[PDB]
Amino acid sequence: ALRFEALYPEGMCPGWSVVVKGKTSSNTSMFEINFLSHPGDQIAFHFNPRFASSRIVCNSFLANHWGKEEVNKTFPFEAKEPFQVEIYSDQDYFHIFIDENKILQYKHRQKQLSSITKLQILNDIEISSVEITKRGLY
């Protein structure tokens, strides 16, 4: 189920942060935050915390296929407890912070960063806030 979508047609990458606060409803489901590129609604970045297995799966869906999964060594979420996830893009990575701690980086596979105009948040997350902010590049 779609919980939140945002569209910024001029392209929200690189140099933008998405900050999502919320918590899961279940102990053993999952949610995803996807960054989609236009045209095609390809998934440039899929961030998928899976609470049954305590694994964060990251991937891209390009040319009608999922690529190689990048699975983080740790799982800094707790089911049913509030978290903050920030995803910030630079020229080379999506950088993921959870509760203000740097957790992982994911190298861009879709290189056409300015085509990433759409954010979707799906499945088991009760959102308390979404912030989309133009940070720039440092």
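Take the two forms, find the largest set of C-alpha atoms that superpose within 1.5 Å, and that set is the rigid core. One-based numbering along the sequence shown.
Exercise for the section: After fitting on the rigid core, pick out whichever of 86 to 94 or 71 to 79 shows the bigger RMS C-alpha deviation in 7 other deposited structures of this protein. Expected result: Higher average C-alpha offset in 7 other deposited structures of this protein goes to 71 to 79.
Problem - Mean Cα B-factor comparison, 80 to 88 or 34 to 42, giving the higher one as deposited - result: Averaged over C-alpha atoms, the B-factors run higher in 34 to 42.
Exercise for the section: Among all modelled residues of this chain, ranked by Cα B factor, put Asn59 in the bottom, middle or top third, i.e. lowest, middle or highest. Expected result: Tercile = lowest for this residue's CA B-factor.
Practice task
Tell me, lowest, middle or highest third: where does the Cα B factor of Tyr93 rank within its chain?
Solution key: According to the entry, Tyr93 has a C-alpha B-factor in the chain's middle third.
Practice task
Rank-wise, by C-alpha B-factor, drop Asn27 into the lowest, middle or highest third of its chain.
Solution key: Highest third.
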